[PDB]
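Student: File upload06.cif below, mmCIF, C-alpha atoms:
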```cif
data_upload
#
loop_
_atom_site.group_PDB
_atom_site.id
_atom_site.type_symbol
_atom_site.label_atom_id
_atom_site.label_comp_id
_atom_site.auth_asym_id
_atom_site.auth_seq_id
_atom_site.Cartn_x
_atom_site.Cartn_y
_atom_site.Cartn_z
ATOM 1 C CA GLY S 740 -14.468 -37.559 -23.714
ATOM 2 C CA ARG S 741 -14.821 -41.322 -23.186
ATOM 3 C CA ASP S 742 -18.068 -41.534 -25.182
ATOM 4 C CA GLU S 743 -18.442 -44.583 -27.424
ATOM 5 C CA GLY S 744 -18.395 -43.227 -30.969
ATOM 6 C CA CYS S 745 -18.541 -39.576 -29.752
ATOM 7 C CA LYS S 746 -22.344 -39.694 -29.854
ATOM 8 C CA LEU S 747 -23.504 -38.023 -26.628
ATOM 9 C CA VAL S 748 -22.387 -34.380 -26.923
ATOM 10 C CA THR S 749 -23.724 -31.550 -24.758
ATOM 11 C CA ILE S 750 -25.081 -28.292 -26.177
ATOM 12 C CA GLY S 751 -22.900 -25.272 -25.502
ATOM 13 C CA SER S 752 -20.188 -24.929 -22.886
ATOM 14 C CA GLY S 753 -22.010 -23.401 -19.918
ATOM 15 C CA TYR S 754 -23.470 -20.251 -21.475
ATOM 16 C CA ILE S 755 -27.160 -20.275 -20.478
ATOM 17 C CA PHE S 756 -26.481 -22.328 -17.346
ATOM 18 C CA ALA S 757 -25.663 -21.732 -13.679
ATOM 19 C CA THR S 758 -21.832 -21.914 -14.063
ATOM 20 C CA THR S 759 -20.829 -22.476 -10.449
ATOM 21 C CA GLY S 760 -17.689 -23.999 -8.935
ATOM 22 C CA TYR S 761 -16.517 -26.552 -6.392
ATOM 23 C CA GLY S 762 -14.860 -25.740 -3.082
ATOM 24 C CA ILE S 763 -14.194 -27.075 0.423
ATOM 25 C CA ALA S 764 -16.971 -26.589 2.980
ATOM 26 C CA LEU S 765 -15.362 -25.768 6.328
ATOM 27 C CA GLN S 766 -17.135 -25.114 9.605
ATOM 28 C CA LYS S 767 -18.168 -21.572 10.493
ATOM 29 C CA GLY S 768 -15.052 -20.484 12.356
ATOM 30 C CA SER S 769 -12.545 -23.210 11.417
ATOM 31 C CA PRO S 770 -8.882 -22.234 11.972
ATOM 32 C CA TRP S 771 -7.702 -23.814 8.686
ATOM 33 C CA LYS S 772 -9.518 -21.596 6.164
ATOM 34 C CA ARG S 773 -6.655 -19.195 5.375
ATOM 35 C CA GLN S 774 -4.060 -21.926 4.813
ATOM 36 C CA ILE S 775 -6.417 -23.954 2.595
ATOM 37 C CA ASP S 776 -7.281 -20.851 0.538
ATOM 38 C CA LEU S 777 -3.624 -19.864 0.106
ATOM 39 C CA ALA S 778 -2.755 -23.488 -0.717
ATOM 40 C CA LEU S 779 -5.400 -23.562 -3.455
ATOM 41 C CA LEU S 780 -4.098 -20.246 -4.800
ATOM 42 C CA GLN S 781 -0.589 -21.730 -4.766
ATOM 43 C CA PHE S 782 -1.803 -24.880 -6.551
ATOM 44 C CA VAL S 783 -3.481 -22.832 -9.275
ATOM 45 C CA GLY S 784 -0.640 -20.274 -9.255
ATOM 46 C CA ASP S 785 2.023 -22.616 -10.682
ATOM 47 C CA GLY S 786 0.265 -24.892 -13.194
ATOM 48 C CA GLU S 787 -0.188 -27.721 -10.689
ATOM 49 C CA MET S 788 -3.966 -27.404 -10.960
ATOM 50 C CA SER E 149 -5.193 -11.478 24.374
ATOM 51 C CA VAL E 150 -7.811 -10.879 27.077
ATOM 52 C CA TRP E 151 -8.986 -7.993 24.906
ATOM 53 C CA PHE E 152 -9.163 -10.489 22.042
ATOM 54 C CA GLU E 153 -11.261 -12.553 24.441
ATOM 55 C CA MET E 154 -13.311 -9.374 24.867
ATOM 56 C CA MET E 155 -13.856 -9.624 21.111
ATOM 57 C CA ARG E 156 -15.283 -13.054 21.952
ATOM 58 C CA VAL E 157 -17.487 -11.546 24.684
ATOM 59 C CA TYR E 158 -19.385 -8.860 22.765
ATOM 60 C CA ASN E 159 -18.664 -10.411 19.309
ATOM 61 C CA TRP E 160 -16.990 -7.160 18.242
ATOM 62 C CA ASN E 161 -14.696 -7.029 15.228
ATOM 63 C CA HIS E 162 -13.890 -3.387 14.432
ATOM 64 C CA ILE E 163 -10.944 -2.212 16.547
ATOM 65 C CA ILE E 164 -8.410 0.623 16.374
ATOM 66 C CA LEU E 165 -4.911 0.210 17.812
ATOM 67 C CA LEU E 166 -3.475 3.229 19.646
ATOM 68 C CA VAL E 167 -0.143 2.755 21.435
ATOM 69 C CA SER E 168 1.776 5.737 22.786
ATOM 70 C CA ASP E 169 4.906 3.674 23.486
ATOM 71 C CA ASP E 170 7.306 2.266 20.896
ATOM 72 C CA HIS E 171 9.305 -0.619 22.396
ATOM 73 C CA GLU E 172 6.522 -2.844 23.742
ATOM 74 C CA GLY E 173 4.056 -1.488 21.176
ATOM 75 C CA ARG E 174 5.638 -3.411 18.300
ATOM 76 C CA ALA E 175 5.398 -6.699 20.212
ATOM 77 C CA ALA E 176 1.822 -5.873 21.244
ATOM 78 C CA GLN E 177 0.914 -5.126 17.614
ATOM 79 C CA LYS E 178 2.554 -8.377 16.476
ATOM 80 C CA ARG E 179 0.646 -10.345 19.129
ATOM 81 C CA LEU E 180 -2.620 -8.621 18.173
ATOM 82 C CA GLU E 181 -2.095 -9.412 14.481
ATOM 83 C CA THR E 182 -1.196 -13.017 15.373
ATOM 84 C CA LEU E 183 -4.455 -13.317 17.322
ATOM 85 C CA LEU E 184 -6.509 -11.621 14.583
ATOM 86 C CA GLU E 185 -5.017 -14.118 12.115
ATOM 87 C CA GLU E 186 -7.271 -16.715 13.793
ATOM 88 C CA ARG E 187 -10.342 -14.679 12.813
ATOM 89 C CA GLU E 188 -8.461 -13.869 9.539
ATOM 90 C CA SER E 189 -9.078 -10.184 10.284
ATOM 91 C CA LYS E 190 -7.038 -7.041 10.928
ATOM 92 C CA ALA E 191 -7.429 -3.817 12.856
ATOM 93 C CA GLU E 192 -8.679 -0.752 11.013
ATOM 94 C CA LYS E 193 -5.752 1.550 11.832
ATOM 95 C CA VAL E 194 -2.606 1.176 13.948
ATOM 96 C CA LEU E 195 -0.952 4.193 15.570
ATOM 97 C CA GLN E 196 2.415 4.706 17.267
ATOM 98 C CA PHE E 197 4.073 8.012 18.149
ATOM 99 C CA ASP E 198 6.498 9.699 20.551
#
```
Would it be possible to restate this file's structure as structure tokens?

Tutor:
Amino acid sequence: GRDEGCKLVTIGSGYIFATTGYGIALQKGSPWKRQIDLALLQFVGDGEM
Amino acid sequence: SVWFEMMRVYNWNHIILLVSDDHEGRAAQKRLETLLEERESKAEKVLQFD
């Protein structure tokens, strides 16, 4: 999107690729997992994301 | 809570709540759900009767 002259353009949009996502890696047993998950669902759930 | 600590002893997760009483049983169920919120879990089935 900031390419000089719009030269470098990828092929496709993630069709024959891995197509993963990004998250927050908490410790196995952390007491903040539920609040972080509900906060992310609230952030996506109102157009803030 | 000690029984929740028993769930820390044997690493058990699948529990069934059975309370014959009604007055203290609601507070015991609320405390058990508050403690299972830490594991982000719930009991399989809760039971109260006469």

Student: Rounded to one decimal, what separation in Å do you get between atom CA of residue 161 of chain E and atom CA of residue 771 of chain S?

Tutor: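 Going from atom CA of residue 161 of chain E over to atom CA of residue 771 of chain S, I get 19.3 Å.
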
Student: Name the residues captured by the PyMOL selection byres ((chain S) within 9 of (chain E)) when it is applied to the shown file; answer as a PyMOL selection string.

Tutor: chain S and resi 768-773

Student: Run the PyMOL selection byres ((chain E and resi 191) around 7) on the file and write out the hits as a list in words.

Tutor: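 Here the PyMOL selection byres ((chain E and resi 191) around 7) matches residues 162, 163, 164, 165, 190, 192 and 193 of chain E.
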
Student: Show which residues sit within 12 Å of residue 194 of chain E, as a list in words. Count only C-alpha atoms, and ignore same-chain residues fewer than 5 positions away.

Tutor: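 In the requested form, the answer reads residues 163, 164, 165, 166, 167, 168, 173, 174, 176, 177, 178, 180 and 181 of chain E.
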
Student: Selection in question (the file shown): the PyMOL selection byres ((chain S and resi 763) around 10). Which residues does it include, as a list in words?

Tutor: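 The output of the PyMOL selection byres ((chain S and resi 763) around 10) on this file is residues 761, 762, 764, 765, 766, 772, 775 and 776 of chain S.
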
Student: Would you list the contacts of residue 152 of chain E as a ChimeraX atom specification, taking every protein, DNA or RNA residue within 9 Å and counting all atoms listed in the file, but skipping same-chain residues closer than 4 positions in sequence?

Tutor: /E:156-157,180,183-184

Student: For the atom pair atom CA of residue 759 of chain S and atom CA of residue 740 of chain S, what is the interatomic distance in Å to one decimal place?

Tutor: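 Between atom CA of residue 759 of chain S and atom CA of residue 740 of chain S the gap works out to 21.1 Å.
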
Student: With N, CA, C and O atoms as the goal, would you fill in the gaps in segment 758-783 of chain S and present it as a PDB file, keeping the file's coordinate frame?

Tutor:
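Result written to selection.pdb:
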```pdb
ATOM      1  N   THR S 758     -23.282 -22.151 -14.013  1.00  0.00           N
ATOM      2  CA  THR S 758     -21.832 -21.914 -14.063  1.00  0.00           C
ATOM      3  C   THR S 758     -21.291 -21.562 -12.670  1.00  0.00           C
ATOM      4  O   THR S 758     -20.914 -20.428 -12.364  1.00  0.00           O
ATOM      5  N   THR S 759     -21.342 -22.568 -11.804  1.00  0.00           N
ATOM      6  CA  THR S 759     -20.829 -22.476 -10.449  1.00  0.00           C
ATOM      7  C   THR S 759     -19.465 -23.162 -10.366  1.00  0.00           C
ATOM      8  O   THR S 759     -18.865 -23.527 -11.381  1.00  0.00           O
ATOM      9  N   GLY S 760     -18.951 -23.320  -9.142  1.00  0.00           N
ATOM     10  CA  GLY S 760     -17.689 -23.999  -8.935  1.00  0.00           C
ATOM     11  C   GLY S 760     -17.747 -24.902  -7.718  1.00  0.00           C
ATOM     12  O   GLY S 760     -18.735 -24.925  -6.980  1.00  0.00           O
ATOM     13  N   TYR S 761     -16.665 -25.648  -7.524  1.00  0.00           N
ATOM     14  CA  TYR S 761     -16.517 -26.552  -6.392  1.00  0.00           C
ATOM     15  C   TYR S 761     -15.495 -25.996  -5.412  1.00  0.00           C
ATOM     16  O   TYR S 761     -14.483 -25.417  -5.817  1.00  0.00           O
ATOM     17  N   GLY S 762     -15.767 -26.179  -4.122  1.00  0.00           N
ATOM     18  CA  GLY S 762     -14.860 -25.740  -3.082  1.00  0.00           C
ATOM     19  C   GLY S 762     -14.824 -26.700  -1.912  1.00  0.00           C
ATOM     20  O   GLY S 762     -15.292 -27.837  -2.024  1.00  0.00           O
ATOM     21  N   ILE S 763     -14.273 -26.262  -0.785  1.00  0.00           N
ATOM     22  CA  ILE S 763     -14.194 -27.075   0.423  1.00  0.00           C
ATOM     23  C   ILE S 763     -15.046 -26.403   1.488  1.00  0.00           C
ATOM     24  O   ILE S 763     -14.799 -25.247   1.855  1.00  0.00           O
ATOM     25  N   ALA S 764     -16.051 -27.121   1.981  1.00  0.00           N
ATOM     26  CA  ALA S 764     -16.971 -26.589   2.980  1.00  0.00           C
ATOM     27  C   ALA S 764     -16.375 -26.803   4.366  1.00  0.00           C
ATOM     28  O   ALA S 764     -16.374 -27.925   4.885  1.00  0.00           O
ATOM     29  N   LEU S 765     -15.870 -25.732   4.965  1.00  0.00           N
ATOM     30  CA  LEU S 765     -15.362 -25.768   6.328  1.00  0.00           C
ATOM     31  C   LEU S 765     -16.444 -25.305   7.295  1.00  0.00           C
ATOM     32  O   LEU S 765     -17.461 -24.729   6.904  1.00  0.00           O
ATOM     33  N   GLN S 766     -16.212 -25.567   8.579  1.00  0.00           N
ATOM     34  CA  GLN S 766     -17.135 -25.114   9.605  1.00  0.00           C
ATOM     35  C   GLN S 766     -17.035 -23.601   9.778  1.00  0.00           C
ATOM     36  O   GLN S 766     -16.026 -22.974   9.446  1.00  0.00           O
ATOM     37  N   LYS S 767     -18.111 -23.015  10.299  1.00  0.00           N
ATOM     38  CA  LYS S 767     -18.168 -21.572  10.493  1.00  0.00           C
ATOM     39  C   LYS S 767     -17.277 -21.164  11.658  1.00  0.00           C
ATOM     40  O   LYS S 767     -17.704 -21.185  12.816  1.00  0.00           O
ATOM     41  N   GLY S 768     -16.041 -20.796  11.355  1.00  0.00           N
ATOM     42  CA  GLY S 768     -15.052 -20.484  12.356  1.00  0.00           C
ATOM     43  C   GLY S 768     -13.884 -21.450  12.441  1.00  0.00           C
ATOM     44  O   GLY S 768     -13.203 -21.474  13.474  1.00  0.00           O
ATOM     45  N   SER S 769     -13.633 -22.243  11.397  1.00  0.00           N
ATOM     46  CA  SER S 769     -12.545 -23.210  11.417  1.00  0.00           C
ATOM     47  C   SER S 769     -11.202 -22.497  11.268  1.00  0.00           C
ATOM     48  O   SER S 769     -11.078 -21.567  10.467  1.00  0.00           O
ATOM     49  N   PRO S 770     -10.183 -22.912  12.023  1.00  0.00           N
ATOM     50  CA  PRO S 770      -8.882 -22.234  11.972  1.00  0.00           C
ATOM     51  C   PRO S 770      -7.992 -22.636  10.805  1.00  0.00           C
ATOM     52  O   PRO S 770      -6.808 -22.286  10.814  1.00  0.00           O
ATOM     53  N   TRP S 771      -8.508 -23.351   9.809  1.00  0.00           N
ATOM     54  CA  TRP S 771      -7.702 -23.814   8.686  1.00  0.00           C
ATOM     55  C   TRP S 771      -8.092 -23.159   7.369  1.00  0.00           C
ATOM     56  O   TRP S 771      -7.596 -23.574   6.319  1.00  0.00           O
ATOM     57  N   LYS S 772      -8.957 -22.141   7.399  1.00  0.00           N
ATOM     58  CA  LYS S 772      -9.518 -21.596   6.164  1.00  0.00           C
ATOM     59  C   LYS S 772      -8.479 -20.817   5.366  1.00  0.00           C
ATOM     60  O   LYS S 772      -8.412 -20.947   4.135  1.00  0.00           O
ATOM     61  N   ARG S 773      -7.650 -20.023   6.053  1.00  0.00           N
ATOM     62  CA  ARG S 773      -6.655 -19.195   5.375  1.00  0.00           C
ATOM     63  C   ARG S 773      -5.587 -20.041   4.698  1.00  0.00           C
ATOM     64  O   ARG S 773      -5.207 -19.767   3.554  1.00  0.00           O
ATOM     65  N   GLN S 774      -5.109 -21.085   5.380  1.00  0.00           N
ATOM     66  CA  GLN S 774      -4.060 -21.926   4.813  1.00  0.00           C
ATOM     67  C   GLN S 774      -4.575 -22.746   3.638  1.00  0.00           C
ATOM     68  O   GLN S 774      -3.861 -22.927   2.649  1.00  0.00           O
ATOM     69  N   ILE S 775      -5.825 -23.216   3.710  1.00  0.00           N
ATOM     70  CA  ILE S 775      -6.417 -23.954   2.595  1.00  0.00           C
ATOM     71  C   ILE S 775      -6.639 -23.037   1.395  1.00  0.00           C
ATOM     72  O   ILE S 775      -6.367 -23.423   0.248  1.00  0.00           O
ATOM     73  N   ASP S 776      -7.080 -21.795   1.639  1.00  0.00           N
ATOM     74  CA  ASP S 776      -7.281 -20.851   0.538  1.00  0.00           C
ATOM     75  C   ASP S 776      -5.961 -20.465  -0.125  1.00  0.00           C
ATOM     76  O   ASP S 776      -5.863 -20.443  -1.360  1.00  0.00           O
ATOM     77  N   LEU S 777      -4.926 -20.191   0.678  1.00  0.00           N
ATOM     78  CA  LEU S 777      -3.624 -19.864   0.106  1.00  0.00           C
ATOM     79  C   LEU S 777      -2.980 -21.076  -0.559  1.00  0.00           C
ATOM     80  O   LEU S 777      -2.249 -20.920  -1.541  1.00  0.00           O
ATOM     81  N   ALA S 778      -3.276 -22.286  -0.076  1.00  0.00           N
ATOM     82  CA  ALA S 778      -2.755 -23.488  -0.717  1.00  0.00           C
ATOM     83  C   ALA S 778      -3.426 -23.732  -2.062  1.00  0.00           C
ATOM     84  O   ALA S 778      -2.769 -24.166  -3.014  1.00  0.00           O
ATOM     85  N   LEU S 779      -4.727 -23.449  -2.164  1.00  0.00           N
ATOM     86  CA  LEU S 779      -5.400 -23.562  -3.455  1.00  0.00           C
ATOM     87  C   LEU S 779      -4.911 -22.498  -4.431  1.00  0.00           C
ATOM     88  O   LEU S 779      -4.751 -22.774  -5.627  1.00  0.00           O
ATOM     89  N   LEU S 780      -4.652 -21.285  -3.935  1.00  0.00           N
ATOM     90  CA  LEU S 780      -4.098 -20.246  -4.800  1.00  0.00           C
ATOM     91  C   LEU S 780      -2.662 -20.553  -5.212  1.00  0.00           C
ATOM     92  O   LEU S 780      -2.224 -20.129  -6.287  1.00  0.00           O
ATOM     93  N   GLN S 781      -1.920 -21.283  -4.379  1.00  0.00           N
ATOM     94  CA  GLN S 781      -0.589 -21.730  -4.766  1.00  0.00           C
ATOM     95  C   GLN S 781      -0.660 -22.869  -5.777  1.00  0.00           C
ATOM     96  O   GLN S 781       0.169 -22.941  -6.691  1.00  0.00           O
ATOM     97  N   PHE S 782      -1.645 -23.761  -5.626  1.00  0.00           N
ATOM     98  CA  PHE S 782      -1.803 -24.880  -6.551  1.00  0.00           C
ATOM     99  C   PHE S 782      -2.235 -24.403  -7.931  1.00  0.00           C
ATOM    100  O   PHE S 782      -1.780 -24.937  -8.950  1.00  0.00           O
ATOM    101  N   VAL S 783      -3.120 -23.409  -7.985  1.00  0.00           N
ATOM    102  CA  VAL S 783      -3.481 -22.832  -9.275  1.00  0.00           C
ATOM    103  C   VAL S 783      -2.353 -21.943  -9.794  1.00  0.00           C
ATOM    104  O   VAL S 783      -2.080 -21.915 -11.001  1.00  0.00           O
TER     105      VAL S 783
END
```
